[PDB]
């Protein structure tokens, strides 16, 4: 399906061999620090190690989500975490940020991939940062409103607008990944419709990452709280893989890695 691998500097990810698991780093800050304090960084490193041991392929690290923080404060949180994880855990790191300056400092600190929940629309200079460092960037579907004329047609148009911003900044096709933004600017009903129709995104010709883990729409369907959503997350991961996604972004790496390996064997990936 893919005639290239994802080049992540010292690491390379094959897009044809298996579904790639992105583990969500828990990044809980210490209350009396703005810092790369031992407790907060050590906890993050331990968590990165555990996700690696349970089958993660990428570690996703962010700096907001928790005391309110300015850009300078966000960088001071995320940089020490990227530095320590990048030294201690041999996996590529994605930086979860929509801000150009955070992206830039995170890459300088050791991050390999930019993960942007606003798809280069909140701060278009992030695509300039991406193009310059020659890193993959994930362009997620998101909007400041839910006024769809036609959900899937509109998602694809919106994503194409993100692709144009990136390509116009010099991002190469091989460095673009798309994501439907499940749970962003969508009703519960719309998140289900997007899942049901996820294979449409494949027409744009880029790899697709799916983020559904523990999201409210699963709670809407099952009437279950956040800590009781493993089975529902699982269903979303399996459907996403059947519909052709190359990556899943998940909290529960052990369980979802197993589900994904089984799905891969069945579909012939």
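Positions refer to the first chain, counted from 1. Think of the rigid core as the biggest set of C-alphas that the two forms share within 1.5 Å after superposition.
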After fitting on the rigid core, pick out whichever of 56-64 or 240-248 shows the bigger RMS C-alpha deviation in 9 other deposited structures of this protein. 56-64
Find the stretch among 20-28 and 252-260 with the larger RMS C-alpha deviation in 9 other deposited structures of this protein, all structures being superposed on the shown form by the rigid core. 20-28
When you step from residue 65 to residue 66 in this entry, do you jump over none, 1 to 3, 4 to 9, or 10 or more residues of the deposited sequence that have no coordinates? 4 to 9
Compare the mean C-alpha B-factor of 27-35 with that of 209-217 as given in the PDB entry, and name the stretch with the higher value. 27-35
On mean Cα temperature factor in this entry, is 95-103 or 71-79 the higher one? 71-79
Based on what the PDB entry reports, which of 115, 145, 175, 191 has the top C-alpha B-factor? 145
Relative to the other modelled residues of the same chain, rank the CA B-factor of residue 161 and answer lowest, middle or highest third. lowest
Which third, lowest, middle or highest, does the CA B-factor of residue 259 fall in along this chain? middle
Residue 55 - Cα temperature factor, lowest/middle/highest third of chain: middle
Third assignment of residue 236 from its chain's C-alpha B-factors: lowest
For residue 131, return the chain-relative third of its C-alpha B-factor as stated in the PDB record: lowest, middle or highest. middle
